[PDB]
Structure formats: C-alpha cells, structure tokens
Amino acid sequence: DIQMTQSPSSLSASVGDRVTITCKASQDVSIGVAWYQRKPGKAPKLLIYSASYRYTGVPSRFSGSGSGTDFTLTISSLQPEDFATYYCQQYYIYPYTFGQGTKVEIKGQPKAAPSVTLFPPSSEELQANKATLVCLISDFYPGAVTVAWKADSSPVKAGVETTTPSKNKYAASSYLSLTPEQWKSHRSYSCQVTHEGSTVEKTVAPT
Amino acid sequence: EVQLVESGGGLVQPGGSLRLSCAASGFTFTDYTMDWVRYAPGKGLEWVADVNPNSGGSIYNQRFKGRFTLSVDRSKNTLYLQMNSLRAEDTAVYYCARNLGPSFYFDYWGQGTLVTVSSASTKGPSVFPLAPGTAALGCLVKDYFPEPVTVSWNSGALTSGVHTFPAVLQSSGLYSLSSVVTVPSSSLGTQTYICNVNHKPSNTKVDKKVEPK
C-alpha cells in the first residue's frame, strides 16, 4: 500500500558531476529505506540500508540521508561505471515496496544528429515473397527519436521510439515490411530519423 | 562465496504453471529468510514473497496470494517458486534474493530468469544476410518468439566492431533484431563472415554466410 515516488524519473549527467536523487514515501517509514543500483540485464546491487548506511564494499561517493518520508541518494562525483538505474525501497512494513527507479544517463552530445544506417531487402527475402527494410540508429544521447518511413516521398508510417544504452552510444531500430512488388516498383524508400532540431534521412533504391 | 543460481524460466500460456528454482551455497541455508522479486521493463521492481525456512512460514504479496507458492528443499539448499494461474502481466525477470537478517532488504541476488506468459506460439527465426576503408554487413533475425536470441560472428571468434541491436516487437506479436559487424572493405574478398543465431526457446541455431551483393 505504501507508495515510493522517486524524482527525477531520469537525468543526464557527466563524469565528475554531483547527482542527487529523491525518494518520497506516501507515509512514515522511519529509517527503513534501502537503495540499489541496477544495470541492464543485471541483478540489483545493494548500496544503502537504514536510509544512511553504506553497505560493505560500496564506494564512498555513494551516501544516503532522510527519515520519515523524505529520502536522498547522492553520488558525490559521478564515475564512469555509475550510469544505471537507482531504486529506493522501503522495508519498514509489508509489502517492502520499491520506488519506480531513476535512470542516470550519459549526457553525451545532446545536439548531435542521429547516426542512421539503412539496409534494403536481400534477394533471399525477396525470393521468400517477402521483404524487409532495416533502419539502424546509433545516438550519442539518451532521448527518444521519431522515425518516419517514406515510399518515394510519400509517408508510410511514423512512430516515436525509445533508445537503449549499448554494451557508449544509445541504440534503436525500425523495420518496414513490403511486398516484393512494392520494393521493385518504387524509385526508392527512405528512413527519416529526428531528434529535437536534427533530422537524418537515408534512402535506398532497388538496384 | 554466497551464490544463488536460478533455473526454470521459459514460455508458458495464460493459466499455466511454472516452477523456478534457486540453488543456494556459501551460507547456512536455514539461517536466513529468502525472497522472490520480479523486474519488468517500465514496471520496475516488485517483491513477490518470502519464506522463513526456520519457521516453515511464508508470506506473499497481495497480487500473488492464492496463486504462487513458495517451498524449500533443505537437503539440496534450494528454494522454489511455484507459479499457478499465470497471466500475461506476470511476464517478467524473476530473482531469488536473501535478507541479511530480520530486515527485508536484499544483500545477495540470483542472476535472474525470464518467464514469458503469452498465448503466442514459439517460432524460430528467419535469418537473412545484410550484404555490405570499412564495410558494415549484418544479419536480420526476423519473426521469432519468444525472447531472447543471441547473435555471434564467426563462432564467437569475431567480437570487435560487432553491434547487435535490441529486439523490436512488431504489432504481429513477433520480434525482429539485427546484428551488424564493421570490417575492412579489403577483407570482403578473402575473409568469410558467418552470423551465428541462437534461439534457445525454439532449440534452433541458424548460421548464415554473408556474401557481397
């Protein structure tokens, strides 16, 4: 029943920064609060317990504070291996609820154009009476991008897509399925990728 | 020293049942309460249940009471989660975890296991070559279910310059992914490039040689 609200939901930051994450409990949970670091595809990792005690082996740049309903995790100087999602958790009372997480993302290059790579259908897929256009996207920043597809210069479809960090840059991709007659009969097809004030469009043609 | 090794994930249809195992080592198994905690993209973390192996008692989160059951096998130092009446919304990565003592925050965790609940059928992937200073070539791994697939190049010998993109769910309920390797243009005549696609959920591996256009 006890709600745990973190804020911000996400933030961008650079090596050396001071990061401060906030967790608010919907009621008094005393000193009974833990913080965890979670990397993608990895187990959460315990950092802080009792609101302010560093767990064994946890670097000193991590520290927590708070009591009652207002809690804080603070990273004194953000290190490279610290981009991750940080969760607060109350263990004061059942059911030991977690905060929704706060993504701490590499700032990167916020005004860079998206890098876009576009592959046409292979002769193999065309022979299987099918065909797929493959648009690959690599960005130096965390934000969502918009992808629009074009047949010649007419729009086909268009969606917003979130990117995810990679094993560094953020990645996404989009797919457009076509009949073989669709691919052969148009002069070209295009994937167009937009982030804020930058757009990159790549074009392919049956050749 | 302290290890929790899980097994048992997989695909199951709505209403089905599945049992997960947590094999423990490096501590007196019965001296600690243990837990399950699940994670789902965009749903964060949810504590599921705990068992005190000393009292034999377990406690469940409201959403799972009456349908999930904990149990333990001391002789094997192993914790189980039995899930019944699963719904699509139970799709998640399940972790076993341990309390330090009486307080319910978690010091050690399992590696995690994916449980997918869906009425959609397992389908192995269609693998298509993406024909290519340097050249980018790839494979398209198309129309598969459920996750995950893994892609390697040249049997895992080639790791530099490889980029596997996250799987994308189409509105057909099937996934597609691509993996691209960037190699010297001068390599293209003399060096063979083979993508190795492993889809454990359908017990299928597919290897595709990528040729110039």
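Letters A, B, ... are given to chains in the order of the sequence lines, protein chains preceding strands, and every chain is numbered from 1.
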Do NZ/NE/NH1/NH2 and the carboxylate oxygens of A:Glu125 and B:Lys208 come within less than 4.0 Å?
-> no
State yes or no: are the ring centers of B:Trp36 and B:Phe68 separated by less than 6.0 Å?
-> no
Looking at residues at least two apart in the chain, or sitting in another chain, which of them share a salt bridge (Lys or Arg N to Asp or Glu O under 4.0 Å) with A:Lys42?
-> none
Residues that A:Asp70 engages under salt bridge (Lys or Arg N to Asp or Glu O under 4.0 Å), provided they are two or more places apart | A:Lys24
Any donor-acceptor N/O pair, A:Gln6 side chain to A:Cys88 backbone, under 3.5 Å | yes
Compare all side-chain heavy atoms of B:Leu137 with those of B:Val181 and state whether any distance is below 4.5 angstrom.
-> yes
Drop me the distance from A:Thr163's OG1 to A:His195's NE2, to the nearest 0.5 angstrom.
-> 8.0 Å
Does A:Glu201 pair with A:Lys150 as a salt bridge, N-O distance under 4.0 Å?
-> yes
Can you tell if the side chain of A:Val193 reaches within under 4.5 Å of the side chain of A:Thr199, non-hydrogen atoms only?
-> no
Using a 4.5 Å cut-off on heavy atoms from C-beta on, say whether the side chain of A:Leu46 contacts that of B:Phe106.
-> no
In sequence, state the C-alpha distance, the side-chain angles, and the governing distance for B:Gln82 and B:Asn84, and then conclude on side chain to side chain donor-acceptor pair (under 3.5 Å).
-> CA-CA 7 Å; B:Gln82 173 65 53; B:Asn84 302 319; 3.1 Å; yes
Hey, does the side chain of A:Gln89 reach the backbone of A:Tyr96 with a donor-acceptor pair shorter than 3.5 angstrom?
-> yes
Partners passing salt bridge (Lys or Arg N to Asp or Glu O under 4.0 Å) against A:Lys202 (at least two apart in sequence or in another chain) = none
If you measure from the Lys or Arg side-chain nitrogens to the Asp or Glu carboxylate oxygens, is any gap between B:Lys209 and B:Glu211 under 4.0 Å?
-> yes
For B:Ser202, enumerate each residue passing the side chain to side chain donor-acceptor pair (under 3.5 Å) test, keeping only those at least two apart in sequence or located in another chain.
-> B:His199, B:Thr204
Kindly indicate whether the side chain of B:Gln170, heavy atoms from C-beta on, has any atom under 4.5 Å from the side chain of B:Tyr175.
-> no
So, does A:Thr102 use its side chain to make a donor-acceptor pair with the main chain of A:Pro8 at under 3.5 Å?
-> yes
Any sub-3.5 Å donor-acceptor pair from B:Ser155's side-chain atoms to B:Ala157's backbone N or O?
-> no
Is the charged tip of A:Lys169 near the ring of A:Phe140: under 6.0 Å from the six-membered ring centre and within 45° of its axis?
-> yes
Any side-chain heavy-atom pair from A:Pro165 and A:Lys103 closer than 4.5 angstrom?
-> no
Criterion side chain to side chain contact (heavy atoms under 4.5 Å, CB included) on A:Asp82 and A:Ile75, from CA distance to verdict = CA-CA 9 Å; A:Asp82 297 353; A:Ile75 321 164; 3.8 Å; yes
Would you say B:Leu114 and B:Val93 make side-chain contact, with heavy atoms under 4.5 Å?
-> yes
Taking the six-membered ring of B:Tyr32, is NZ or CZ of B:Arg98 closer than 6.0 Å to its centre and within 45° of its axis?
-> yes
Result for ring-ring contact (aromatic ring centres under 6.0 Å, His included) between B:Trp47 and one of A:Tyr94, A:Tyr87, A:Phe98 points to A:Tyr94
Spell out, as yes or no, whether a donor-acceptor pair under 3.5 Å connects the side chain of B:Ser55 to the backbone of B:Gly57.
-> yes
Look only at the side chain of B:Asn154 and the backbone of B:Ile194, and say whether a donor-acceptor pair between them is shorter than 3.5 Å.
-> yes
Please tabulate, one pair per line, all N/O donor-acceptor pairs under 3.5 Å involving side-chain atoms of residues 182-191 of chain B, not counting sequence neighbours.
from: B:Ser187; atom 1: OG; to: B:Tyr193; atom 2: OH; distance (Å): 2.7

Taking only residues two or more places apart in sequence, or in another chain, which ones meet A:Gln79 in a side chain to side chain donor-acceptor pair (under 3.5 Å)?
-> none
Would you confirm whether the ring centroid of B:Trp109 sits within less than 6.0 angstrom of the ring centroid of A:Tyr36?
-> yes
Does B:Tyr105 have its ring centroid less than 6.0 Å away from the ring centroid of A:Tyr49?
-> yes
Could you walk me through whether A:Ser154 and A:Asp152 pass the side chain to side chain donor-acceptor pair (under 3.5 Å) test, one step at a time?
-> CA-CA 6 Å; A:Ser154 319; A:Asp152 293 346; over 6 Å; no
Are the side chain of B:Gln111 and the backbone N or O of B:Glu6 linked by a donor-acceptor pair below 3.5 Å?
-> yes
Qualifying residue, where the test is side-chain hydrogen bond (donor to acceptor under 3.5 Å, both in side chains) with B:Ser152 and the options are B:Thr164, B:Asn196, B:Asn198, B:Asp207 | B:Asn196
Main-chain N/O of B:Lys76 paired to B:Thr78 side chain as donor or acceptor, under 3.5 Å = yes
Side chains of B:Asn99 and B:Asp35, donor plus acceptor under 3.5 Å = yes
Test log, rule salt bridge (charged side-chain N to carboxylate O under 4.0 Å, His left out), inputs A:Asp17 and A:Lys107 | CA-CA 11 Å; A:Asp17 288 359; A:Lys107 199 202 173 200; over 6 Å; no
Starting from the C-alpha separation in whole Å, work towards a yes-or-no answer on side chain to side chain contact (heavy atoms under 4.5 Å, CB included) for A:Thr203 and A:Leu118.
-> CA-CA 7 Å; A:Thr203 291; A:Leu118 179 59; 5.7 Å; no
Given the rule in the side chain to side chain donor-acceptor pair (under 3.5 Å) test, do A:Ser174 and A:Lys157 qualify, once you have shown the distances and angles that lead to the verdict?
-> CA-CA 11 Å; A:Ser174 173; A:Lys157 105 264 225 210; 4.6 Å; no
Out of curiosity, B:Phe165 CZ to B:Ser176 OG, how far, rounded to the nearest 0.5 Å?
-> 14.5 Å
Taking the side chain as C-beta and beyond, is there a heavy-atom pair between B:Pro201 and B:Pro148 under 4.5 Å?
-> yes
Can you find a heavy atom in the side chain of B:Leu18 that is under 4.5 Å from one in the side chain of B:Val115?
-> yes
Reported OG-to-CG distance for the pair B:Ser172 and B:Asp143, which is rounded to 0.5 angstrom | 6.0 Å
Can you tell me how far the CG atom of B:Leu45 sits from the CZ atom of A:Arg38, to the nearest 0.5 Å?
-> 7.0 Å
A:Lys39 side chain to A:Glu81 backbone, donor-acceptor under 3.5 Å | yes
CA sep, side-chain torsions, deciding dist, call: B:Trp153, B:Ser179, side chain to side chain donor-acceptor pair (under 3.5 Å) = CA-CA 9 Å; B:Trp153 287 86; B:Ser179 174; 3.0 Å; yes
Atom pair OG1/OH of A:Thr132 and A:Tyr175 - distance to nearest 0.5 Å | 9.0 Å
State whether the side chain of B:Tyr60 and the backbone N or O of B:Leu70 hold a donor-acceptor pair below 3.5 Å, judged by distance alone.
-> yes
